[PDB]
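The structure appears right after this line, and notes come after that.
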Amino acid sequence: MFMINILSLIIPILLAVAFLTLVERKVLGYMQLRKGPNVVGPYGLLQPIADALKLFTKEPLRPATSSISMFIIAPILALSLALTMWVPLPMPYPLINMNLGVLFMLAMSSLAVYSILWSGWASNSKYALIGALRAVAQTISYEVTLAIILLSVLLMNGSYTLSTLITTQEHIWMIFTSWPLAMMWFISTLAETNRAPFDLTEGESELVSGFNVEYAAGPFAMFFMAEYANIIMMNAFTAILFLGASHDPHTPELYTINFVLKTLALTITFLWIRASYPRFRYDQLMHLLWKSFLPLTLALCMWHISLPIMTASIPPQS
Amino acid sequence: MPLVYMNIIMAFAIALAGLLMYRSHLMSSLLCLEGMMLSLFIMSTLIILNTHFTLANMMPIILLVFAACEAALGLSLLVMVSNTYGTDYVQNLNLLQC
Amino acid sequence: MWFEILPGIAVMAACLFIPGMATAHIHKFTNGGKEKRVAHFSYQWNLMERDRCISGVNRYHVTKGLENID
Amino acid sequence: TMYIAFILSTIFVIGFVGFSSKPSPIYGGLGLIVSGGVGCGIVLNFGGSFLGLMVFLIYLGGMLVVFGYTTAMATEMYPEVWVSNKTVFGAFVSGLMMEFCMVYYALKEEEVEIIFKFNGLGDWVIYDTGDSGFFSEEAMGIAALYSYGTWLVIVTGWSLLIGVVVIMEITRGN
Amino acid sequence: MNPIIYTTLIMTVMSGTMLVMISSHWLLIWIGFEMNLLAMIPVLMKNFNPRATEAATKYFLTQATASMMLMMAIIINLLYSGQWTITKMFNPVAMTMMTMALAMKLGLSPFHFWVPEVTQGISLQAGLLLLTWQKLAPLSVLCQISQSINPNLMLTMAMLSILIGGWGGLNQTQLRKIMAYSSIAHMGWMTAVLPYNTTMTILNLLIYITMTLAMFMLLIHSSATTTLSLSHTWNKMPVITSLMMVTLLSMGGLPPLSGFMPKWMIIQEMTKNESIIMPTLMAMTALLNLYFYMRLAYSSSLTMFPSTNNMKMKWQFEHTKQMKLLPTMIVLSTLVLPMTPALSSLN
Amino acid sequence: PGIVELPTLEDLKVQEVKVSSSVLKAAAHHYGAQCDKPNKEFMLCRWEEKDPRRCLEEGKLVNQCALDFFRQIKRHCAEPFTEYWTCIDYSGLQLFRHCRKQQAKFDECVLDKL
Amino acid sequence: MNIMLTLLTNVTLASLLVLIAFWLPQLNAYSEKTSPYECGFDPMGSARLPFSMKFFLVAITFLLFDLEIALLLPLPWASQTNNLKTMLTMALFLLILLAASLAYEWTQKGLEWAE
Amino acid sequence: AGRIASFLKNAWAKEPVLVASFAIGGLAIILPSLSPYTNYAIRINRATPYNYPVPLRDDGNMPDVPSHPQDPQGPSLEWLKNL
Ligand SMILES: CCCCCCCCCCCCCCCCCC(=O)OC[C@H](COP(=O)([O-])OCC[N+](C)(C)C)OC(=O)CCCCCCCCCCCCCCCCC
Ligand SMILES: CCCCCCCCCCCCCCCCCC(=O)OC[C@H](COP(=O)([O-])OCC[N+](C)(C)C)OC(=O)CCCCCCCCCCCCCCCCC
Ligand SMILES: CCCCCCCCCCCCCCCCCC(=O)OC[C@H](COP(=O)([O-])OCC[N+](C)(C)C)OC(=O)CCCCCCCCCCCCCCCCC
Ligand SMILES: CCCCCCCC/C=C/CCCCCCCC(=O)OC[C@H](COP(=O)(O)OCCN)OC(=O)CCCCCCC/C=C/CCCCCCCC
Ligand SMILES: CCCCCCCCCCCCCCCCCC(=O)OC[C@H](COP(=O)(O)OCCN)OC(=O)CCCCCCCCCCCCCCCCC
């Protein structure tokens, strides 16, 4: 029955990823005064299916200069970690209920970094190497800021358990409590998922497709699926962390509907941002986090350590 | 003593023998140095968790902190050596003799 | 017009409904129609083990009461 | 029993054999990452979830810098892999053979090394029967770093600040 | 390097050593060693050149390896006893690891090569600090754990140190490498007496530190780093050469100078424990150190080497900076033999 | 060295309290208030003797008090108690916060009947 | 156990996708198709040559600050102690020293990329 | 004072992020020492029963130790009840 639950967590996520690709194309089209896909199926509903079939029936090639073992492992690692990030999320009941559900997320994201590095290095091309090193710098900056912000917000919670996050947000929203950390968290999640204005690992204008320039057919589709799954997962985590839905134990479908609606709102906001803004320079991205976010993040961490003590509102440990 | 402790001590010995046997790169020896502290961390936490030494649980964290300080120091020295000689090879550190 | 985006969002939402509802239904199915027991600590785990022992069917969710004490 | 801790310890030793055979810093980092994750698993089984996740996260962050440094400082035309070189393959095979020999001897009989005496039995056997209640002993002991261990915080913070000063000073040049 | 940063790094080195000396916890002792090394690397690299960078790299590698072995010994001891306090170690394997690590830190043979290499790499001030303070800390740890030291291992490493120091110093012609090999030999003497009387170890440490400070400060005053550079000092300041000659005689262990007191006390103390072959071999091997000290004394003071023509301008000018406590170090390193029974105060 | 002494299986026998954790948690405050004295005696014995074998009779008395308390509840307030612990048993964490009405009914029943 | 099964399932699904990708389609390989990509012309050098990193100091500072945040992570449990004043003092001490490190590097120009 | 005002106005026009950071940090350092609820937080932490309250052996000379949990003697959490 647990295997059935694993399948029920995996397959709908992949389907949601395909239709997120469709939704992004259509949303960008309408924000750019176009229409987007509306020919392949009714309102372009079969477009993700057509693209997936085409990619997995096209020929994948291994470059003559590539290191084949880590050329293959990198998409496997990316997609496996993308599917793994979903197991501790409470919707409202996690598939795997972890005592430290947040540190697991941080560790698995830090591991999922290395798929980009190894795919860029194993490809043995200059554009791939440049994309890999852009990933290195991006991870430096966003990682330090993300860890401090998570520490502060979960300090308002009492523990690292996401069900406890639901219980904490029973009455109001953590975004009402801590909106500055919410803004910096949203920007950091953009940088972490490599979304515009921070899509520097795969920057088409500067690098020809960045780190996955040498990838074709199926192995490219795996990177695409992993990236979009990470987008949805990070928005789901943000919704759980800052926009806490009401939970009724006898009818848990209401929490699921609220959670899905909030997640979709955040994902569509990601697409909106991509349509609206230019692209950063990765040195300016590093200088943004360290010279702007890190001081405010440290000050807010001090503030959110002191605030429960000075007001006698320290959360319960369990 | 369980076989787990034997394996952890064996990993430490392997990482120590790796450090003491340079090949060409200074970076590989630094990685061997980082493995030794990882094995030390694992051994210490296995010993502490088994014995319920509650106040000693913070010791592996301090161990990690000073591992980080050592790694930072080694990387700084490596960049200086590479700036001087063009490569991180240990054969270039031969100006001084015994 | 802009409402032609909605069917794709509807499909994506329907896909995101499946995991949570499926997990809730499977939790209730394998725990006798009740919430799956959360055991974050040794005390809660020991309570679950004692419930398994007293049930007589090697299942913690089979709850026994006054009709069982007498 | 399931020997999960023993299997994980063996994988830990294998990763150490890899990065100590030292193919090239890319694959050395790969082996070190594998060993870090496997050690996280070992200590998760033994009880310390925070310690496992923390060491895994710290080594994931540390090896990210090592990749960027070996791309810049420690790279050559044809990076060496385990089968690419005779010395690297020889050392890797020697380490694997030594691990296999010691594992086999320990499983077949209570192996006393020339250094320590080891008994081949249950890692589950060595565990303790007692339990805590409504708190994690590991979490409380780690959180005692701020109530207790004021001296440790002071020396650690001083060391980190001086470490920043040192790395800035070493790389000054001129 | 900024003067403020330099003095804060010196204070951090001293703080690490003091933490090692005052701690009662093995973790805190390890932390002190780590802090000392971390703040000590930039001091070696203070004057940037490839030789300084190489010396700092070699010193870092050796000290990191030694600290790793020390922590392994600490953890092994904790495994078999559950004790974090620094006392007699409860495992012979842990004790052997600890002895190897502390010997590698001190430069006892066969862990000595880094000593001449690093000392030649770094400047005179950095070498002075290195020898003095970085011998000061591990010896305190060894004195604390002396009652579990393996006499065979300790005495083997001590005799190896004495022999290696004598021979290397015989070959060397650079002043810093001469000082390094002399340091190796003196560490040999101290650790030879260590398993019998830590008081005699401390006495030898103090006398060695005084003689080394006087010698290094005389070299700094004369700005001489080679034999031939030091051969010009008689034509600029003949007093410094004479003081250096008396200090060299003291270091060689000639009576009635202060260098005879540690050798005398150590020979006596080891003889009390029915050791005769070891003190006799140690006393005979010091003749090598005396030989290369005397070779250095011939070039600088007892003979007048040729000089150059710009020495006249050097005559016209005067030395500006004043060494702190140089006269006191000169006197203490040569004339305190009649004050020997104060080692009881040292006790 | 010596041979450990173990109580026989005959004197380890006692009437077990075969209710579930939800049932126990529902009647936990009233149980702690009513059967305080035997439990405190047993806990003092356990902490002073530091030996399971030296406090077996106190354990028997603890079980006897628990059974008497539950029989007394079963004789008077069986239905409100069943509703209350049925409400508690649903929660995965067994929360008191979600069953305040049933708790109120049970507290009213035991305040009047007992 | 369940987490191991989940990891195995994810890895197996990804590996099956790779296997289908590399074995289902028709393959035609020749030396020109598999050559490295550099916008239509041949690469002058090699992609394995050293690649200068202009932010080498920020990486070392990242290592140190990463372990600072490792120290800071157990704060949620530290707030349950009776020694609230000591806990608050030490937490603020660590954060202030982290801020001091950032300020020192910023003013000494450690955050500026090499030219 | 005028120099202080000029410096603050310049910083607020050039580095509002740094001005906000220092203001938040300074308030975080200072406010807990002035808040009357720090002692309440300490008391709430002390009032949490993590482990079992082992009873004392009655010597007959313990008038402040209750014989029953519901006896008037012993600590009271009525302050926390209305808080
Ligand atoms: C049957 C499966 C066979 C294959 C298994 C393969 C496993 C490989 C990884 C080994 C290490 C992780 C598992 C350790 C054993 C179980 C630990 C355990 O009990 O955890 C419970 C704990 C429970 O969480 P907790 O912290 O809440 O626990 C306390 C609460 N109680 C006690 C009530 C449960 O799980 C975790 O904490 C999750 C941590 C997962 C850490 C994973 C680290 C390694 C990641 C490797 C990623 C590889 C990706 C794929 C790469 C492919 C490349 C080609
Ligand atoms: C400087 C400005 C700072 C602004 C900080 C606040 C930013 C808020 C950003 C919200 C983004 C929402 C994205 C997802 C949208 C989901 C829509 C949805 O399902 O809504 C139905 C949902 C209902 O589903 P629900 O169950 O999740 O909502 C209640 C959730 N509980 C009670 C569990 C916390 O929300 C509502 O209908 C009410 C929302 C507010 C709930 C909090 C209590 C009331 C607070 C009132 C005072 C507000 C003061 C500030 C107002 C002005 C701010 C500028
Ligand atoms: C969406 C993500 C997952 C994707 C999974 C797969 C999606 C696609 C499913 C339908 C595929 C239909 C077959 C396409 C095969 C490639 C076509 C091709 O190469 O044609 C040229 C070649 C032409 O061969 P030829 O012999 O004429 O050519 C000789 C070579 N030249 C060109 C030089 C003259 O076609 C074949 O070789 C035909 C092989 C058999 C085709 C049918 C077998 C596959 C059946 C698939 C059923 C589904 C289950 C199994 C597949 C995996 C999924 C679980
Ligand atoms: C805690 C710091 C003191 C530690 C001293 C260690 C030895 C010295 C080594 C340096 C470490 C500290 C260096 C930090 C200051 C160096 C940077 C500097 O010089 O300027 C600071 C810079 C000033 O800007 P300008 O110089 O004008 O440059 C802009 C030009 N347009 O900004 C600062 O002042 C930041 C200083 C540190 C920020 C934190 C302030 C700490 C105040 C809180 C009290 C700390 C008490 C510690 C106990 C805490 C108890 C809760
Ligand atoms: C407790 C700390 C002890 C050490 C302190 C050393 C400080 C001075 C270091 C520099 C070298 C010695 C001084 C040489 C002259 C320097 C230039 C000069 O003209 O100095 C004038 C100075 C006048 O003395 P003044 O400074 O007024 O005395 C202290 C007042 N608070 O003239 C003098 O001070 C000259 C006399 C100096 C004191 C004699 C030397 C040290 C005596 C130590 C006695 C114990 C013996 C063992 C010593 C072991 C090593 C310390």
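Each chain in the structure tokens gets a letter, A, B and so on, in the order shown; residues start at 1 in every chain, and ligands are counted from 1 in the order they appear.
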(message) How would you report the residues lying within 9 Å of ligand 4, as number ranges by chain, if you count only C-alpha atoms and all ligand atoms?
(response) D: 158, 161-162, 164-165; E: 4-5, 8-9; G: 88-108; H: 22, 25-26, 29-30
Serialized selection, N, CA, C and O atoms, as a CSV table (one decimal), in the first residue's frame:
chain,number,residue,atom,x,y,z
D,158,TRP,N,35.5,33.2,18.0
D,158,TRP,CA,36.8,33.9,17.8
D,158,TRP,C,37.6,33.2,16.7
D,158,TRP,O,38.2,33.9,15.9
D,161,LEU,N,36.1,34.2,13.2
D,161,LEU,CA,36.4,35.6,12.8
D,161,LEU,C,37.9,35.7,12.4
D,161,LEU,O,38.2,36.3,11.4
D,162,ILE,N,38.8,35.1,13.2
D,162,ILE,CA,40.2,35.1,12.9
D,162,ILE,C,40.4,34.3,11.6
D,162,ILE,O,41.4,34.6,10.9
D,164,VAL,N,38.4,34.3,9.0
D,164,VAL,CA,38.2,35.2,7.9
D,164,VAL,C,39.3,36.2,7.7
D,164,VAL,O,39.8,36.4,6.6
D,165,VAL,N,39.9,36.7,8.8
D,165,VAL,CA,41.0,37.6,8.8
D,165,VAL,C,42.2,36.9,8.1
D,165,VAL,O,42.9,37.5,7.3
E,4,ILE,N,47.8,46.3,13.3
E,4,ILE,CA,46.8,45.9,14.2
E,4,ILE,C,46.5,44.4,13.9
E,4,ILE,O,46.3,43.6,14.8
E,5,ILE,N,46.4,44.0,12.6
E,5,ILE,CA,46.1,42.6,12.3
E,5,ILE,C,47.2,41.7,12.7
E,5,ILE,O,47.0,40.6,13.2
E,8,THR,N,47.0,41.3,16.5
E,8,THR,CA,45.9,40.4,16.8
E,8,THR,C,46.1,39.0,16.5
E,8,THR,O,45.7,38.0,17.2
E,9,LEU,N,46.9,38.7,15.4
E,9,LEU,CA,47.3,37.4,15.1
E,9,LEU,C,48.3,36.8,16.0
E,9,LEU,O,48.2,35.6,16.4
G,88,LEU,N,20.3,33.7,25.0
G,88,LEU,CA,20.1,34.9,24.1
G,88,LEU,C,21.5,35.6,24.0
G,88,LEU,O,21.8,36.1,22.8
G,89,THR,N,22.2,35.7,25.0
G,89,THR,CA,23.5,36.4,24.9
G,89,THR,C,24.4,35.7,24.0
G,89,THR,O,25.1,36.3,23.1
G,90,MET,N,24.5,34.3,24.0
G,90,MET,CA,25.4,33.6,23.2
G,90,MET,C,24.9,33.6,21.7
G,90,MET,O,25.8,33.7,20.8
G,91,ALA,N,23.6,33.5,21.5
G,91,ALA,CA,23.1,33.6,20.2
G,91,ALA,C,23.4,34.9,19.5
G,91,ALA,O,23.9,35.0,18.4
G,92,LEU,N,23.2,36.0,20.2
G,92,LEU,CA,23.5,37.3,19.7
G,92,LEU,C,25.0,37.5,19.5
G,92,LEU,O,25.5,38.2,18.6
G,93,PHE,N,25.8,36.9,20.4
G,93,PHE,CA,27.3,36.9,20.3
G,93,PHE,C,27.7,36.3,19.0
G,93,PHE,O,28.5,36.9,18.2
G,94,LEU,N,27.2,35.1,18.6
G,94,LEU,CA,27.5,34.5,17.4
G,94,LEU,C,27.1,35.3,16.2
G,94,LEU,O,27.9,35.4,15.2
G,95,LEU,N,25.9,35.8,16.2
G,95,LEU,CA,25.4,36.6,15.1
G,95,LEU,C,26.2,37.9,14.9
G,95,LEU,O,26.5,38.3,13.8
G,96,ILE,N,26.6,38.5,16.0
G,96,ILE,CA,27.4,39.8,16.0
G,96,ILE,C,28.8,39.5,15.4
G,96,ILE,O,29.3,40.3,14.7
G,97,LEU,N,29.4,38.3,15.8
G,97,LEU,CA,30.7,38.0,15.2
G,97,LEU,C,30.6,37.7,13.7
G,97,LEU,O,31.5,38.0,13.0
G,98,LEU,N,29.5,37.1,13.3
G,98,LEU,CA,29.2,36.9,11.9
G,98,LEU,C,29.1,38.2,11.2
G,98,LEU,O,29.7,38.4,10.1
G,99,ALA,N,28.4,39.1,11.7
G,99,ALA,CA,28.2,40.5,11.2
G,99,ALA,C,29.6,41.2,11.1
G,99,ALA,O,29.9,41.9,10.1
G,100,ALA,N,30.4,41.0,12.1
G,100,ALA,CA,31.7,41.6,12.2
G,100,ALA,C,32.6,41.0,11.1
G,100,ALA,O,33.4,41.7,10.4
G,101,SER,N,32.5,39.7,10.8
G,101,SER,CA,33.3,39.1,9.7
G,101,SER,C,32.9,39.7,8.4
G,101,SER,O,33.7,40.0,7.5
G,102,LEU,N,31.5,39.8,8.2
G,102,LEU,CA,31.0,40.4,6.9
G,102,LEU,C,31.5,41.8,6.8
G,102,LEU,O,31.9,42.2,5.7
G,103,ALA,N,31.4,42.6,7.8
G,103,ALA,CA,31.9,44.0,7.8
G,103,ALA,C,33.4,44.1,7.5
G,103,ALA,O,33.8,45.0,6.7
G,104,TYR,N,34.2,43.3,8.1
G,104,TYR,CA,35.6,43.3,7.9
G,104,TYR,C,35.9,43.0,6.4
G,104,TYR,O,36.7,43.8,5.8
G,105,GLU,N,35.4,41.9,5.9
G,105,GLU,CA,35.6,41.6,4.5
G,105,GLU,C,35.1,42.6,3.6
G,105,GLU,O,35.8,43.0,2.6
G,106,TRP,N,33.9,43.2,3.8
G,106,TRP,CA,33.4,44.2,2.9
G,106,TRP,C,34.2,45.4,2.9
G,106,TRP,O,34.5,46.0,1.8
G,107,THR,N,34.7,45.9,4.1
G,107,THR,CA,35.5,47.1,4.1
G,107,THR,C,36.9,46.9,3.5
G,107,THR,O,37.5,47.8,3.0
G,108,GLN,N,37.5,45.6,3.7
G,108,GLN,CA,38.8,45.3,3.2
G,108,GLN,C,38.7,44.8,1.8
G,108,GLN,O,39.8,44.3,1.2
H,22,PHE,N,21.1,47.8,10.8
H,22,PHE,CA,21.7,48.2,12.1
H,22,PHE,C,20.5,48.6,13.1
H,22,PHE,O,20.7,48.3,14.3
H,25,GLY,N,19.1,45.3,14.3
H,25,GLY,CA,20.0,44.6,15.2
H,25,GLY,C,20.1,45.3,16.6
H,25,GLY,O,20.1,44.6,17.6
H,26,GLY,N,20.2,46.6,16.5
H,26,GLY,CA,20.3,47.3,17.8
H,26,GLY,C,19.0,47.1,18.7
H,26,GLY,O,19.1,47.0,19.9
H,29,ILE,N,19.2,43.7,20.3
H,29,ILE,CA,20.1,43.6,21.4
H,29,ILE,C,19.5,44.2,22.6
H,29,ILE,O,19.7,43.7,23.7
H,30,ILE,N,18.9,45.4,22.5
H,30,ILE,CA,18.5,46.2,23.6
H,30,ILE,C,17.2,45.8,24.3
H,30,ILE,O,17.1,45.7,25.5
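Residues in contact with segment 4-10 of chain G at 6 Å, where only C-alpha atoms are counted and same-chain residues fewer than 3 positions away are skipped, are listed as residues 80 of chain A; 1 and 13 of chain G.
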So that I can check the surroundings of residue 86 of chain B, please list as a short mmCIF file (atom, residue, chain, number, x, y, z; two decimals) with C-alpha atoms, in the first residue's frame every protein, DNA and RNA residue that reaches within 12 Å of it, counting only C-alpha atoms and ignoring chain neighbours fewer than 3 positions away.
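Result file is result_36.cif:
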data_model
loop_
_atom_site.label_atom_id
_atom_site.label_comp_id
_atom_site.auth_asym_id
_atom_site.auth_seq_id
_atom_site.Cartn_x
_atom_site.Cartn_y
_atom_site.Cartn_z
CA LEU B 78 46.71 26.29 -2.53
CA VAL B 79 45.64 29.43 -4.40
CA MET B 80 48.86 31.17 -3.39
CA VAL B 81 50.97 28.23 -4.58
CA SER B 82 49.04 28.04 -7.85
CA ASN B 83 49.49 31.77 -8.43
CA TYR B 89 51.71 20.32 -8.09
CA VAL B 90 53.68 19.47 -4.95
CA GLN B 91 56.87 19.03 -6.98
CA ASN B 92 57.22 22.82 -7.18
CA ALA D 72 40.55 26.61 -11.81
CA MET D 73 43.59 25.31 -9.91
CA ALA D 74 43.78 21.51 -10.09
CA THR D 75 42.87 20.53 -13.65
CA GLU D 76 44.88 19.01 -16.49
CA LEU G 49 42.24 23.94 -19.39
CA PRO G 50 42.28 25.99 -16.17
CA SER G 52 40.15 31.40 -13.61
#
Kindly assemble as CSV a list of the chain A residues that lie within 9 Å of ligand 1, each paired with its nearest atom pair and their distance in Å to one decimal, using only C-alpha atoms and all ligand atoms, sorted first by chain and then by ascending residue number.
residue,atom,partner,partner_atom_place_in_ligand_line,distance
A:70,CA,ligand 1,54 (C),8.6
A:72,CA,ligand 1,54 (C),8.1
A:73,CA,ligand 1,54 (C),4.8
A:74,CA,ligand 1,54 (C),7.3
A:75,CA,ligand 1,54 (C),8.5
A:76,CA,ligand 1,54 (C),5.5
A:77,CA,ligand 1,51 (C),4.8
A:78,CA,ligand 1,51 (C),8.3
A:79,CA,ligand 1,50 (C),8.8
A:80,CA,ligand 1,50 (C),5.8
A:81,CA,ligand 1,49 (C),6.1
A:84,CA,ligand 1,49 (C),8.3
A:96,CA,ligand 1,24 (O),8.0
A:97,CA,ligand 1,27 (O),6.3
A:98,CA,ligand 1,27 (O),3.1
A:99,CA,ligand 1,27 (O),3.2
A:100,CA,ligand 1,26 (O),5.0
A:101,CA,ligand 1,27 (O),6.8
A:103,CA,ligand 1,37 (O),8.9
A:104,CA,ligand 1,39 (C),6.2
A:107,CA,ligand 1,43 (C),8.1
A:108,CA,ligand 1,45 (C),7.1
A:111,CA,ligand 1,47 (C),7.6
A:112,CA,ligand 1,49 (C),8.6
A:161,CA,ligand 1,27 (O),8.4
Just the selected residues (C-alpha atoms), exported as a tab-separated table (two decimals), in the first residue's frame, please.
chain	number	residue	atom	x	y	z
A	70	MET	CA	28.75	11.35	-15.19
A	72	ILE	CA	24.41	9.86	-17.69
A	73	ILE	CA	24.30	10.13	-13.89
A	74	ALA	CA	23.55	13.85	-13.81
A	75	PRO	CA	19.98	13.76	-15.23
A	76	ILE	CA	19.29	10.70	-13.07
A	77	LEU	CA	20.40	12.57	-9.96
A	78	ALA	CA	18.42	15.67	-10.93
A	79	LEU	CA	15.14	13.86	-11.54
A	80	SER	CA	15.53	11.52	-8.56
A	81	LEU	CA	16.06	14.42	-6.16
A	84	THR	CA	12.38	12.93	-3.58
A	96	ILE	CA	7.07	10.39	5.12
A	97	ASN	CA	6.67	12.21	8.44
A	98	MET	CA	10.13	13.43	9.45
A	99	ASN	CA	11.06	15.07	12.74
A	100	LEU	CA	13.47	17.33	10.83
A	101	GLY	CA	11.58	17.92	7.61
A	103	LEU	CA	16.88	20.14	7.17
A	104	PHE	CA	16.06	17.24	4.85
A	107	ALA	CA	20.31	18.84	2.34
A	108	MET	CA	18.53	17.41	-0.69
A	111	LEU	CA	22.77	17.68	-3.27
A	112	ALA	CA	20.60	18.51	-6.30
A	161	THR	CA	8.29	19.76	11.41
Proximity of chain C to chain F: per-residue shortest pair, 9 Å limit, only C-alpha atoms, as JSON lines:
{"residue": "C:33", "atom": "CA", "partner": "F:90", "partner_atom": "CA", "distance": 8.3}
{"residue": "C:34", "atom": "CA", "partner": "F:90", "partner_atom": "CA", "distance": 5.1}
{"residue": "C:35", "atom": "CA", "partner": "F:92", "partner_atom": "CA", "distance": 4.9}
{"residue": "C:36", "atom": "CA", "partner": "F:92", "partner_atom": "CA", "distance": 5.4}
{"residue": "C:37", "atom": "CA", "partner": "F:92", "partner_atom": "CA", "distance": 4.2}
{"residue": "C:38", "atom": "CA", "partner": "F:92", "partner_atom": "CA", "distance": 5.3}
{"residue": "C:39", "atom": "CA", "partner": "F:93", "partner_atom": "CA", "distance": 7.7}
{"residue": "C:44", "atom": "CA", "partner": "F:93", "partner_atom": "CA", "distance": 8.6}
{"residue": "C:47", "atom": "CA", "partner": "F:21", "partner_atom": "CA", "distance": 6.0}
{"residue": "C:48", "atom": "CA", "partner": "F:21", "partner_atom": "CA", "distance": 7.6}
{"residue": "C:50", "atom": "CA", "partner": "F:20", "partner_atom": "CA", "distance": 7.6}
{"residue": "C:51", "atom": "CA", "partner": "F:20", "partner_atom": "CA", "distance": 5.5}
{"residue": "C:52", "atom": "CA", "partner": "F:20", "partner_atom": "CA", "distance": 8.9}
{"residue": "C:54", "atom": "CA", "partner": "F:18", "partner_atom": "CA", "distance": 5.7}
{"residue": "C:55", "atom": "CA", "partner": "F:20", "partner_atom": "CA", "distance": 8.0}
{"residue": "C:60", "atom": "CA", "partner": "F:20", "partner_atom": "CA", "distance": 8.6}
{"residue": "C:61", "atom": "CA", "partner": "F:89", "partner_atom": "CA", "distance": 8.9}
{"residue": "C:62", "atom": "CA", "partner": "F:20", "partner_atom": "CA", "distance": 8.6}
{"residue": "C:63", "atom": "CA", "partner": "F:20", "partner_atom": "CA", "distance": 5.6}
{"residue": "C:64", "atom": "CA", "partner": "F:19", "partner_atom": "CA", "distance": 5.2}
{"residue": "C:65", "atom": "CA", "partner": "F:19", "partner_atom": "CA", "distance": 4.6}
{"residue": "C:66", "atom": "CA", "partner": "F:74", "partner_atom": "CA", "distance": 6.5}
{"residue": "C:67", "atom": "CA", "partner": "F:74", "partner_atom": "CA", "distance": 8.9}
{"residue": "C:68", "atom": "CA", "partner": "F:18", "partner_atom": "CA", "distance": 6.4}
{"residue": "C:69", "atom": "CA", "partner": "F:18", "partner_atom": "CA", "distance": 5.6}
{"residue": "C:70", "atom": "CA", "partner": "F:71", "partner_atom": "CA", "distance": 7.9}
(request) Pull out every residue of chain C that has at least one atom within 7 Å of chain D, counting only C-alpha atoms, and report them as a VMD selection string. (result) chain C and resid 41 to 43
